[PDB]
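> model the structure of this input:
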Amino acid sequence: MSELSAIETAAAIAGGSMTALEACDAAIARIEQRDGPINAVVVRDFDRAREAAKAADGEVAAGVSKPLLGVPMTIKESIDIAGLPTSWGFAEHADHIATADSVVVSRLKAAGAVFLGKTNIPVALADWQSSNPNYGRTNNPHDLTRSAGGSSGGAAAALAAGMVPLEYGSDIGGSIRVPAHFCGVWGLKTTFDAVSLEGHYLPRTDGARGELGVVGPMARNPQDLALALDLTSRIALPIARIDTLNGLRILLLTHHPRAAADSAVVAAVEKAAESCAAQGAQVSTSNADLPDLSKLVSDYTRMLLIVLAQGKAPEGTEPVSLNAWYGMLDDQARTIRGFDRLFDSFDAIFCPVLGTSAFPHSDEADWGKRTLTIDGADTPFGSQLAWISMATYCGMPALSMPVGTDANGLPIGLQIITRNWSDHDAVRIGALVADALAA
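Residues are numbered from 1 along each chain as shown. The coordinates are given below.
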């Protein structure tokens, strides 16, 4: 995976080092040579993408340039591409062919990107694994016996094995940060509502899930993410105000009242913070303005179940009332205001993405029957939603970036949470953390 970044590829084409057809063909080759044991790129559109790369070469020949002109990428299978299936892993929807490009795909195509195909997902996007009966299971390129993460697991696998330089996923339950963390790549959970969800539709519907969930880019480096964000946000977002770790105010959370963290994950996160502190950052371990993380886990869980159920209840059970739902949105807004106050005293929160590194494949559907080994002991699998709850419930942007490996060689990720609409700041703090950690 020493491969060219997306910005590098475009510049390669813009100076003439290579053609857009050459770059497209190299990515097709990397997928065929590398994807057999990984099974990340489960929907392929190679003939159409080649014709498209030829088109982009005719553009550059005519003087045209665009920030992604000729760069091959793939996208999560749940995001519509005109002419390709969108199934979300349901057997019933394996042959649902999308009729329109999603808005993200439209934007990236308009910047000149070329789509080779789509990457794998769990059934209903409801797992931190990617396995389903239409395409099968994606395996972590760092260790084929372990999960690639989910639900943007294919995207993260494909990035980690260097197939394509850019991807785009979705996150309602960690589904961008968790795969990026398990496979050792960068994933940006964006500020709520900052990127349009048009085309991230439940198959056969033109409805999206209008609370909690976001879409955001995935790459091997922070510069590709920043560019991919600028090209897809519905409007232009504030530039990074940060430009140095000197004086940066960091809130370091290695403990969570609703979930444990393996000693190696804690150590990795703490070492990210000490590197920054050594570059002049001021790191705190507690603060009075920090919201009740336990209450927040429960409020996020209650809302998440209602959203995925679309407000329906089993029979013998009364649905939540519209009025009570409005009350829940008020509770949400109150918790968000809590974080606004915390971010008056802090530029970023550093914490785990998850309490473990990638876990071994699990055939058990029900999460209440899974465990995770944490410092030698079995713990409840579902508890780990705690770590990703803050930024989904309260809308904040949140980066997952690689910071180490555990003793078995599995990637370990750091989560960087910044204030709503400061997504470029989360990317920039990550780049600077990578510098300090090289130091």
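> list the buried residues in the helix or strand that residue 272 is a member of.
Per DSSP states H and E: residue 272 is located in helix 263-278. Residues of helix 263-278 classed as buried by neighbour count (16 or more other C-beta atoms under 10 Å): 264, 265, 266, 268, 269, 272, 273, 275, 276, 277. In this view, the C-beta of every residue, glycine as well, is placed from N, C-alpha and C.
> dump the C-alpha coordinates for that helix into PDB.
The C-alpha coordinates for helix 263-278 follow below in PDB (Å, rounded to 0.1, in the frame of the first residue of the first chain):
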ATOM      1  CA  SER A 263      -4.800  -1.500  27.900                       C
ATOM      2  CA  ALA A 264      -3.100  -1.400  24.500                       C
ATOM      3  CA  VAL A 265      -5.800   0.900  23.000                       C
ATOM      4  CA  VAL A 266      -5.500   3.200  26.000                       C
ATOM      5  CA  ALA A 267      -1.700   3.300  25.700                       C
ATOM      6  CA  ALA A 268      -2.000   4.100  22.000                       C
ATOM      7  CA  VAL A 269      -4.300   7.100  22.700                       C
ATOM      8  CA  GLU A 270      -2.300   8.400  25.700                       C
ATOM      9  CA  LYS A 271       0.800   8.300  23.500                       C
ATOM     10  CA  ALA A 272      -0.900  10.400  20.800                       C
ATOM     11  CA  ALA A 273      -1.600  13.000  23.500                       C
ATOM     12  CA  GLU A 274       1.900  12.900  25.000                       C
ATOM     13  CA  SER A 275       3.400  13.500  21.600                       C
ATOM     14  CA  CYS A 276       1.200  16.600  21.300                       C
ATOM     15  CA  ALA A 277       2.000  17.700  24.800                       C
ATOM     16  CA  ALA A 278       5.700  17.500  23.900                       C
END
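> next secondary structure after that helix?
With elements assigned by DSSP H and E, the helix or strand that comes after helix 263-278 is strand 282-284.
> got the domain ranges for the chain?
The chain breaks down into these domains under automatic domain parsing: 6-232, 249-402+412-419.
> closest one to residue 428 among those?
Minimum separation from residue 428 across those (C-beta to C-beta) falls at domain 6-232, 7.3 Å.
> the closest one: end-to-end distance?
15 Å (C-alpha to C-alpha, to the nearest Å).
> now for residue 32, how many residues are close by?
Neighbours of residue 32 under the rule other C-beta atoms under 10 Å: 13.
> confirm that it sits in a helix.
Yes: counting by DSSP: H, G, I helix; E, B strand; the rest coil, one finds residue 32 located in a helix.
> relative to residue 305, how far out is it?
Distance of residue 32 to residue 305, computed by C-beta to C-beta, to the nearest Å: 41 Å.
> in this structure residue 191 contacts residue 398, no?
No: using C-beta atoms under 8 Å, residue 191 is not in contact with residue 398, being 9.2 Å away.
> between the two, who's got more neighbours?
For residue 191 and residue 398, the more surrounded residue by other C-beta under 10 Å is residue 398, and the numbers stand at 30 against 24.
> which residues does the more buried one form beta bridges with?
Beta bridges link residue 398 to residue 189, residue 417 when assigned by DSSP bridges.
> can you report how many residues neighbour residue 309?
So residue 309, with other C-beta under 10 Å, has 12 neighbours.
> try residue 391
29.
> so which residues make contact with stretch 263-280?
244-248, 250, 252, 254, 261, 281, 283, 350-352, 354-357, 375, 403-404, 406-407, 412, 414, 432-433, 436-437, 439 (C-beta atoms under 8 Å, 6 or more residues apart in numbering).
> weed out the non-buried ones from those residues.
Buried members of the contacts of stretch 263-280, scored by 16+ other C-beta under 10 Å, are 245, 248, 250, 252, 254, 261, 281, 283, 350-352, 354-357, 403-404, 406, 412, 414, 432-433, 436-437.
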